[PDB]
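Student: Please see the structure below; I have some questions.
Cβ sites come from the backbone with ideal geometry, for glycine too, and all protein chains shown count toward neighbours. All of the numbers you see were taken from the coordinates with simple rules; none came from a lab.
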Amino acid sequence: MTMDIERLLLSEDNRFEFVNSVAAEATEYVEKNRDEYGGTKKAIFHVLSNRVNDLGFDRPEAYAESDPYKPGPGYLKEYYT
Amino acid sequence: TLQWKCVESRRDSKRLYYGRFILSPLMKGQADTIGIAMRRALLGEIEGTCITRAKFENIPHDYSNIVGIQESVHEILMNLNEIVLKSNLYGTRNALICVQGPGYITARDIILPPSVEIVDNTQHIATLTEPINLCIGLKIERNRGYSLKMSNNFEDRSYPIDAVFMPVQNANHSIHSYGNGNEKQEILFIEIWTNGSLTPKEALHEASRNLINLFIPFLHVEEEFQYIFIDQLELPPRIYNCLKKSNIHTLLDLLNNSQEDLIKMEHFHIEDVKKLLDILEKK
Amino acid sequence: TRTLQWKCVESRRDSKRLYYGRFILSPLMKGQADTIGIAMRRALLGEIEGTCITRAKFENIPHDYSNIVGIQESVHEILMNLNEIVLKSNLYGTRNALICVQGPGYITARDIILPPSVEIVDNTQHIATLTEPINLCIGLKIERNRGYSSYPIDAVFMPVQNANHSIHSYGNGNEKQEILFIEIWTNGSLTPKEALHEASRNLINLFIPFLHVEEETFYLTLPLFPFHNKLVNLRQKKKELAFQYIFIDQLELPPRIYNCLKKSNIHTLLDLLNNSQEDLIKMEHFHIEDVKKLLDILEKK
Amino acid sequence: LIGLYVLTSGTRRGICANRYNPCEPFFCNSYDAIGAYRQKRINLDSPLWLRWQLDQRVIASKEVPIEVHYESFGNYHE
Amino acid sequence: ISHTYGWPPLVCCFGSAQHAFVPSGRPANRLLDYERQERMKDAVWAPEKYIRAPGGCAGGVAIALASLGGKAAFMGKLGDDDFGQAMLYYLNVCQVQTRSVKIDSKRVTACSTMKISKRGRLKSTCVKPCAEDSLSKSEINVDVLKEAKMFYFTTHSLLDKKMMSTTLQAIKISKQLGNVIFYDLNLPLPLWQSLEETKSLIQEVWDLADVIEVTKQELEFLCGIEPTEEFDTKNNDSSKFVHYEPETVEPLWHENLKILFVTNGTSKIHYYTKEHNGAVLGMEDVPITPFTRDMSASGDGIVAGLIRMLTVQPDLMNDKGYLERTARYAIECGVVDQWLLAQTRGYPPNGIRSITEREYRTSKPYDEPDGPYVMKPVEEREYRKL
Amino acid sequence: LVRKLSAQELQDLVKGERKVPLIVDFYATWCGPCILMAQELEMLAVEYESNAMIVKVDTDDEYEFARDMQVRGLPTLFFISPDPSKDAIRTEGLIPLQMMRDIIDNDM
Amino acid sequence: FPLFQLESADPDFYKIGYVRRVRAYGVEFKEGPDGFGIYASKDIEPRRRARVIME
Ligand SMILES: Nc1ncnc2c1ncn2[C@@H]1O[C@H](CSCC[C@H](N)C(=O)O)[C@@H](O)[C@H]1O
């Protein structure tokens, strides 16, 4: 997603305009479908993935990924600092 | 229950295999120990097959190049060092290369001992342009990675090949930890890269078996006076002075020396040995 | 008799709760001693379990930071003394013991009423001293565990105090053999030889799972029976067996084609059906005549 | 920074490498050298020769060869 | 198609694919540490009498050999019923080549019809044999016999007349195609009486075998030696593990015999050749369970390891060092197989309940109020004076 | 409930008459598959409360009788039909319960 | 089941570009008797915005 963010800014004359447009698109996403965002799907990540996908580059939707190795419900990964 | 599974596998080429394996559930601290032991076993306890020595026939004049061969002798040895082999051979065998003339000499042009196979037959060895017969006598061994160089054959002007017996190119382990309150659980991941002479699953099994064989033998069974000084003792001056010359000051040290060492020190005789025992018996 | 031998080259009992032992293992091939030493050290320091007191219950105590009249030690000192008791047991579970004495006198580790599965290592370990004839009943909780943790007691379950190992060149470089020495310090709950054997067994049990069958290999003690139950269920409501459970062995094939498929990691009918003609053409000894005859054989099925 | 400095500090050279005036393994690829290092065959700073199959891209002093070994068959070593 | 024969060489295991079937079991002695056994007797299960089975069926040896990374094919017959199909599937998922397995729709797997004579004493007089006893000479797969470089069989195939004829035909065909014949005795239960009839039954196949593996008890039985040592005594005296001289095994030798392996479990393996003889010590203090007490997995693993080592280097069958290495490898394979079986089956507590070793070594809390390990009400205390 | 019966007791039961199928378990105390078969037969006897009879004969104590019955190994079960006309079934190995049920319900 | 069921340009033409940061997405170079041309190697699905074809 960092690489995608850098790629999207290679076609933007002004980065502040890019941020404003992304925020406006995310706001539209949230207003149209409120219940689909806030959990595993984030609106800004969805906007970024769609803008990357609009170029023809395949990306997972909203960069939403989980851990297939979670040992059932209730178990939380303990991060190793 | 404690189970294992292969979660990823690939074959990028014929001499590059990859695999990822899982082991769960584990208790705290077990995954690190298992990963460390498995990585050591994978990197050095697995046996590999390599060409360890080459003999050049047809009188190459022992020069840096042979007429008609594009590659030099050192280049030929470097090419031979890259050939990936697998076998079950015990001891040392011999292989032969004898190509008629012009064309490309590859791994396919090696006559092998009975147990030896070739992972990739497209590996280049030498290029021949002129119709000249090239005869090379290869020595093939099978050893562990942590092994060493055997007895050198100083004779018959045979060029050694510094073979590195590493069928497993690389290995890594990682730990994922989970928990909900007082009960914890961790997962072991093992990555294995092999040169095609072995699959990552075969490497995992061989490493486990080698570790177990390394820890079986430990279960084998078999068939069925400091404060009593010399001066306070009434000793003759001759015996007393000899003890100081040999740095003996306390009766504890006097009893620490067997009668063999007492006679060894200078100016000490058998009579003095008997005299010492009598006085000690009287005190 | 054995070419590779091990022996205890020194055994020493410094005190009732400090045993020492040094062991040898030779001759080892170069590199084996390092692996054995590191794995054995980690098993001794982390994988050996011990039995400890983990919970003691009093009756007339406001909090563990108070005193008892006639007992020289406060509750905190009594708990600290209880934490230092070395026990031995081969079994798991939360056993309970009892301290029930009347003073005056010294309460040593031999005053604990243990269940038959738990034993005392050092009878002379001190708990408390009673100066006058008072009642004192303490209920204890005992379990066997690894690592470390009614008033809770911070129990350290590790019975090996320290470990060390050294590697020495055997001699002339025939195979550059090596000599391994292992030093073990225990608290008396088990001897250094017992610690060595238990560490070896624990390491074997840690490395043995990779030699089982891979997860999701048999259909789900006796793996044969669940598949038999599946076959019995399939016998009613006849729907035959899935292609994944049918192997190319039971398909009448020429031996050359069978070997070619086997060397390409083709085992079941589902894999054969999911294969493509071009990929099979990419395999040697598999001509278009072989392709058409294999297709005819599959069509016959 | 210290780790990188130690990693990229090369061989001991000259009088710090040999006691007397002199009157090394060859690896096909870098993976072989790293594998030999893992198997304790070589040290972190012991010299070795690495076969290079790319363009000349090694930063070094712009100097002519120390010695050229020209063979009568045509091959020469710089 | 000799150019399609890969590595390792294929091994043909001729016999029956039984499920947990034990031929026999004899009293045995194993190397053990008895201080540990005395100390660990409340957590480690041991049999009151140590009796060791020689091994199992040919299908078990085929499965064990495949687990070692070797190439194994099973030649036998199974019925088309649910049990036979389950056994065939189990052999298939164990990487055992089952193309030489004949499926008979007219036979029942593991079931035989017996005509009991109810006039005198009870005899059974088998009428219709089971599926894995009806392999005809025409059903022998000759392609696998051409590909295979070693032929394996057991004495269980010699009990039926037709199956014995089929076994003889297969052995002769394999010998014609230049294979090494491995005879694993594994003496069945009825053959332990009347040594002379056992010799009469096995004499023909004994002379056609290049490698023969027998237990110490089987070697004593065939040589007419009575067991002079003691059983179930807490020591490891050398009289329990005796390396018989080649003169003792001299009567059993023949012209084409290369190696004779005498196994005492994983404790000790003795090898005999014409020029060399010796023994290798092992280890038999493996986890044992009431479900795994017969130690058949150890025998299967030992035989599989011997076959693997002999097939990978067939030109070193007379090399003494390679024979020592082979014996050690077989010991290790048997130990690993026994450990795995102990872990798989578990301890007793399809109706089959098992508990793990962790549950077996778990004791009761001893929290009975009547017990002396609980704080009783102050009415009944029973203090002890210091 | 499986009851340990000697050779002569089994002779008496066979030469007698019964209205229920008789299952004879040939076992030894040194075989683990014999214990697994014992668990299976215990469940089976729970399944057939009174319509079948399951007995166990120790092979080590009755080796001559086991040899007379052509018992080639362990575990071995003998299914004796109540009708004298039909033949007995000898099952070798640790067969599942469904096989026993099928035998009793089809050829008994 | 899978078992039951204009020329391409010189690869070096795109390779010399590719090694110098030339990227063609979803299109392949094909050569015919008329001359060189660029053709979609697959189905270029329509997106909200313009899609990058070459760089
Ligand atoms: N639509 C069209 N029909 C026929 N010729 C065309 C065309 N578009 C372009 N061309 C030709 O292509 C040239 C542009 S360069 C385009 C590629 C060129 N055909 C080649 O193979 O190298 C022009 O000279 C023109 O003659």
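Student: From zero outward in steps of 10 Å, how is the percent of C-alpha pairs of the range E:258-348 spread across the bins?
Tutor: Over the range E:258-348, the share of Cα pairs per 10 Å bin runs 19, 47, 24, 9, 1 percent.
Student: Moving on. Name the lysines eligible as straight-distance cross-link partners of D:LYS40: C-alpha to C-alpha under 19 Å, and not fewer than 8 places from it in the same chain.
Tutor: Counting by Cα, and skipping residues close in sequence, D:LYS40 has these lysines nearby: B:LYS149, C:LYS30, C:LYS176.
Student: While we're here: May I ask you to evaluate 6.51 cos²θ - 1.76 cosθ + 1.60, the Karplus curve with θ = phi - 60°, for each residue of the range F:80-95 and list the ³J(HN,Hα) values in order in whole Hz, giving x for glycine and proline?
Tutor: 9, 6, x, 6, x, 5, 7, 9, 8, 10, 10, 10, 10, x, 8, 7
Student: May I pose another question? Under 5 Å between amide H atoms, partner at least 5 residues away or on a different chain: which partners does C:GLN5 have, H built in plane at 1.01 Å?
Tutor: For C:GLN5, the qualifying residues are C:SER26.
Student: Can you list, bin by bin at 5 Å, the percent of alpha carbon pairs in chain G, starting at 0?
Tutor: So the P(r) values, bin by bin, are 4, 15, 21, 19, 14, 11, 8, 6, 1.
Student: Among E:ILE1, E:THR356, E:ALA62, whose Cα lies farthest out toward the positive end of the dipole of chain E, if unit charges sit on the beta carbon of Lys, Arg (+1) and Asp, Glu (-1)?
Tutor: Working it through, the farthest residue towards the positive pole turns out to be E:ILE1.
Student: Among C:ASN274, B:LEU255, E:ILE173, pick out the residue whose Cα is farthest towards the positive end of the charge dipole of the protein assembly as shown, where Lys and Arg carry +1 and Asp and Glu carry -1 on C-beta, about the Cα centre.
Tutor: C:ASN274
Student: Could you please report the charge total around D:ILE66, scoring K, R as +1 and D, E as -1 over all other residues with beta-carbon less than 15 angstrom from its beta-carbon?
Tutor: Numbers: positive: D:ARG13, D:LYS62; negative: D:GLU63, D:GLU67, D:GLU78.
Around D:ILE66, the charge tally is -1.
Student: Rounded to the nearest 20 Debye, what is the dipole magnitude of the range E:113-243 about its Cα centre when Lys and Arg each give +1 and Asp and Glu each give -1 at the C-beta? Show your work: numbers first, answer last.
Tutor: Details: 17 positive and 20 negative charges, 187 e Å.
About 900 debye.
Student: Then there's this: Cut-off under 22 Å on the C-alpha distance; same-chain residues fewer than 8 positions from E:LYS376 excluded. Which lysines are left, in chain and number order?
Tutor: Correct list for E:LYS376: C:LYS57, C:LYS141, E:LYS364, E:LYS385.
Student: List, in order, the whole-Hz ³J(HN,Hα) value for each residue of the range B:73-84 obtained from phi through the Karplus relation with A = 6.51, B = -1.76, C = 1.60 and θ = phi - 60°; use x for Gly and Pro.
Tutor: My calculation for the range B:73-84 gives 5, 5, 5, 5, 5, 4, 5, 5, 5, 8, 6, 9 Hz in order.
Student: Please list, or write none, the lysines whose alpha carbon is within less than 30 Å of the alpha carbon of B:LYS244, excluding same-chain residues fewer than 8 places away.
Tutor: B:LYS264, B:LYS274, B:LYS275, B:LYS282, B:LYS283
Student: As an exercise, use a Förster radius of 45 Å and the Cβ-Cβ distance of E:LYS161 and C:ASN162 to find the FRET efficiency, rounded to the nearest 0.05.
Tutor: Numbers: r = 69 Å, r/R0 = 1.54.
After rounding to 0.05, the efficiency reads 0.05.
Student: Given the -39500 (n - 2.57) contribution per DSSP H run of 4+ residues, what per-residue ellipticity at 222 nm results for chain G, rounded to the nearest 500 deg cm²/dmol?
Tutor: On the way: 1 runs with 8 residues, N = 55.
Per the formula, -4000 deg cm²/dmol.
Student: Within a 10 angstrom radius of the beta carbon, how do E:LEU340, E:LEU386 rank from fewest other beta carbons to most? Don't jump to the answer; show the numbers that get you there.
Tutor: On the way: E:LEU340 21, E:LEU386 16.
Result, fewest neighbours first: E:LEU386, E:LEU340.
Student: Given H placed on each backbone N at 1.01 Å, which residues far from F:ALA88 in sequence or on other chains put an amide H within less than 5 Å of it?
Tutor: Answer set, sorted by chain and number: E:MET114, E:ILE116.
Student: Output the antiparallel fraction of DSSP beta bridges having both residues in the protein assembly as shown, as a percent to the nearest 5.
Tutor: Working: 154 of 195 bridges.
Counting only bridges with both partners in the protein assembly as shown, antiparallel ones make up about 80 percent.
Student: Next question. With label points built 7 Å along Cα→Cβ from the Cα atoms of D:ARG41 and G:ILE38, find their separation and express it in nm.
Tutor: 5.0 nm
Student: Find out how many positive minus negative residues lie around D:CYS28, taking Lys and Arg as positive, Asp and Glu as negative, among other residues whose Cβ is under 12 Å from that of D:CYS28. Before the final figure, lay out the partial values.
Tutor: On the way: positive: D:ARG51; negative: B:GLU75, B:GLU82, B:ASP162, D:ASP32.
Surrounding charge for D:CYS28 is -3.
Student: Still on this structure: Restricting to Cα pairs below 8 Å that are 6+ residues apart, what does the relative contact order work out to for chain F? Please round to a whole percent.
Tutor: Reported relative contact order: 35 percent.
Student: Quick one: if the Förster radius is 25 Å, what FRET efficiency do B:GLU266 and B:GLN232 give, using the C-beta to C-beta distance and rounding to 0.05? Walk me through the numbers before you get to the answer.
Tutor: Numbers: r = 25 Å, r/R0 = 0.99.
The pair B:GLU266/B:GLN232 has a calculated efficiency of 0.50.
Student: Convert each backbone phi in the range B:170-182 into a coupling constant with the Karplus relation 6.51 cos²θ - 1.76 cosθ + 1.60 (shift: θ = phi - 60°), then list the ³J(HN,Hα) values in order as whole Hz, x for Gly and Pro.
Tutor: 7, 8, 9, 9, 8, 10, 10, 10, 9, x, 10, x, 7
Student: Compute the relative contact order of the range C:228-295 as a whole-number percentage, counting only Cα pairs closer than 8 Å that sit 6 or more residues apart in sequence.
Tutor: 29 percent
Student: To the nearest whole percent, what portion of all C-alpha pairs in the range C:144-301 is separated by more than 29 angstrom? Working shown, then result.
Tutor: Details: 7288 of 12403 pairs.
The calculated P(r) of the range C:144-301 puts 59 percent of pairs beyond 29 Å.
Student: With viscosity set to 0.692 mPa s and temperature to 37 °C, compute the Stokes-Einstein D of the range E:1-159, Rh being the Kirkwood radius across alpha carbon pairs; µm²/s, no decimals. Present the calculation step by step, with values, prior to reporting the outcome.
Tutor: Values: Rh = 18.2 Å.
In µm²/s, the coefficient is 180.
Student: Would you work out if the range F:35-86 is rounded, prolate or oblate? Take a ≥ b ≥ c from the square roots of the eigenvalues of the alpha-carbon gyration tensor; rounded if a/c is under 1.5, else prolate when a/b is larger than b/c, oblate otherwise. Before the final figure, lay out each step's value.
Tutor: Working: a/c = 2.49, a/b = 1.27, b/c = 1.97.
Note, shape of the range F:35-86 comes out oblate.
Student: Obtain the radius of gyration and the Kirkwood radius of chain E from its C-alpha atoms and give Rg over Rh.
Tutor: Values: Rg = 24.0 Å, Rh = 22.8 Å.
Rounded to two decimals, Rg over Rh is 1.05.
Student: Another question about this same structure. Shape of the protein assembly as shown from its Cα gyration tensor (a ≥ b ≥ c, root eigenvalues): rounded if a/c is under 1.5, otherwise prolate when a/b > b/c, or oblate? Write out the running numbers ahead of the final one.
Tutor: Details: a/c = 1.31, a/b = 1.08, b/c = 1.21.
Rounded is the answer for the protein assembly as shown, as its axis ratio a/c remains below 1.5.
Student: Filter the cross-link list C:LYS88/E:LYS240; C:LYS262/E:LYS149; C:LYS239/E:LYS115 down to pairs whose alpha-carbon distance in this structure exceeds 28 Å.
Tutor: Numbers: C:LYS88/E:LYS240 34 Å; C:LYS262/E:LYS149 18 Å; C:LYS239/E:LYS115 38 Å.
In this structure, C:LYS88/E:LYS240; C:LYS239/E:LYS115 exceed 28 Å between Cα atoms.
Student: Modelled label-to-label distance, G:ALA24 and B:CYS98, 7 Å Cα→beta-carbon offset: nm?
Tutor: Result: 5.2 nm between the two label points.
Student: Just the C-alpha atoms of chain D: what Rg/Rh do they give, with Rh taken as the Kirkwood radius? The partial results should precede the final answer.
Tutor: On the way: Rg = 15.8 Å, Rh = 15.7 Å.
Result: Rg/Rh = 1.01.
Student: Oh, and also: Compute the Cα gyration tensor for the range B:99-139, then decide on rounded, prolate or oblate, letting a ≥ b ≥ c be the square roots of its eigenvalues: rounded whenever a/c is under 1.5, prolate when a/b is larger than b/c in the other cases, and oblate in all that remain.
Tutor: Numbers: a/c = 2.99, a/b = 1.67, b/c = 1.78.
Taking the square roots of the gyration eigenvalues as a ≥ b ≥ c, the range B:99-139 is oblate.
Student: Could you give the angle, 0 to 90 degrees to the nearest 10, between helix A:43-53's Cα long axis and the longest principal axis of the Cα atoms of chain A?
Tutor: Orientation of helix A:43-53: about 60 degrees from the principal axis.
Student: Return P(r) of the range E:94-250 (all Cα-Cα pairs; 5 Å bins starting at 0; whole %; ordered from short to long distances).
Tutor: 1, 7, 13, 16, 16, 14, 11, 9, 7, 4, 1
Student: When the expected Rg is taken as 2.2 N^0.38 Å, what fraction or multiple of it is the alpha-carbon Rg of the range E:311-376?
Tutor: Working: Rg = 23.5 Å, N = 66, 2.2 N^0.38 = 10.8 Å.
Scaled against compact globular proteins, the figure is 2.18.
Student: Evaluate E = 1/(1 + (r/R0)^6) for E:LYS118 and E:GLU196, where r is the Cβ-Cβ distance and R0 equals 30 Å; express this FRET efficiency to the nearest 0.05. Before the final figure, lay out the partial values.
Tutor: On the way: r = 30 Å, r/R0 = 1.01.
E(calc), rounded to 0.05, equals 0.50.
Student: Rounded to the nearest 20 Debye, what is the dipole magnitude of chain E about its Cα centre when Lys and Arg each give +1 and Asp and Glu each give -1 at the C-beta? Kindly include the intermediate steps, with their values, before the conclusion.
Tutor: Numbers: 47 positive and 51 negative charges, 223 e Å.
Roughly 1080 debye, rounded to the nearest 20.
Student: Taking N as the number of residues in the range C:29-68, what is its Cα Rg relative to 2.2 N^0.38 Å? Intermediate results must be reported in sequence, preceding the final value.
Tutor: Values: Rg = 21.7 Å, N = 40, 2.2 N^0.38 = 8.9 Å.
Relative to the rule-of-thumb radius for its length, the range C:29-68 sits at 2.43.
Student: For n ≥ 4 DSSP H runs only, could you compute -39500 (n - 2.57) per run for chain E, divide by its residues and tell me the 222 nm figure to the nearest 500?
Tutor: Numbers: 10 runs with 116 residues, N = 386.
The helix contribution divided over chain E gives -9000 deg cm²/dmol.
Student: While we're looking at this one, here's another question. Please arrange C:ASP296, B:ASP253 by how many other C-beta atoms lie within 10 Å of their C-beta, fewest to most. Numbers along the way, then the final one.
Tutor: Details: C:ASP296 9, B:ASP253 15.
Exposure proxy ranking, most exposed first: C:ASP296, B:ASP253.
Student: Among B:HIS220, F:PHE65, B:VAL119, which residue has its Cα furthest toward the positive end of the charge dipole of the protein assembly as shown, with +1 on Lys/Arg Cβ and -1 on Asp/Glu Cβ?
Tutor: F:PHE65
Student: Would you give the gap between the C-alpha center of the range C:173-188 and the C-alpha center of the range B:203-217, rounded to a whole Å?
Tutor: Taking the Cα centre of each part, the range C:173-188 and the range B:203-217 sit 19 Å apart.
Student: Going by how many other Cβ atoms sit within 10 Å of their own, how do B:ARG15, C:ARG12, E:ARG107, G:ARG20 line up, fewest first?
Tutor: Placing the least packed residue first, the sequence is G:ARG20, C:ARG12, B:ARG15, E:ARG107.
Student: Can you tell me the dipole magnitude for the protein assembly as shown around its Cα centre, using point charges on the Cβ only (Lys, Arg +1; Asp, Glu -1), in Debye to the nearest 20?
Tutor: Values: 151 positive and 175 negative charges, 114 e Å.
Result for the protein assembly as shown is approximately 540 debye, rounded to the nearest 20.
Student: Sticking with this one: Mind pulling up the Rg/Rh value for the range B:40-180? Radius of gyration and Kirkwood radius, both on Cα.
Tutor: Details: Rg = 18.1 Å, Rh = 16.6 Å.
Ratio of gyration radius to Kirkwood radius: 1.09.
Student: Turning to a different aspect of this structure: Count the net charge of all other residues whose Cβ sits under 14 Å from the Cβ of G:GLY35, scoring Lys and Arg as +1 and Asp and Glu as -1.
Tutor: Working: positive: G:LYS30; negative: G:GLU7, G:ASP10, G:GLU31, G:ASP34.
That sum, taken over residues with Cβ under 14 Å, equals -3.
Student: Here's another thing I want to ask about it. Need one number for chain B: average projected area of the convex hull over its C-alpha atoms, nm².
Tutor: Details: hull surface 125.2 nm².
Answer in nm², one decimal: 31.3.
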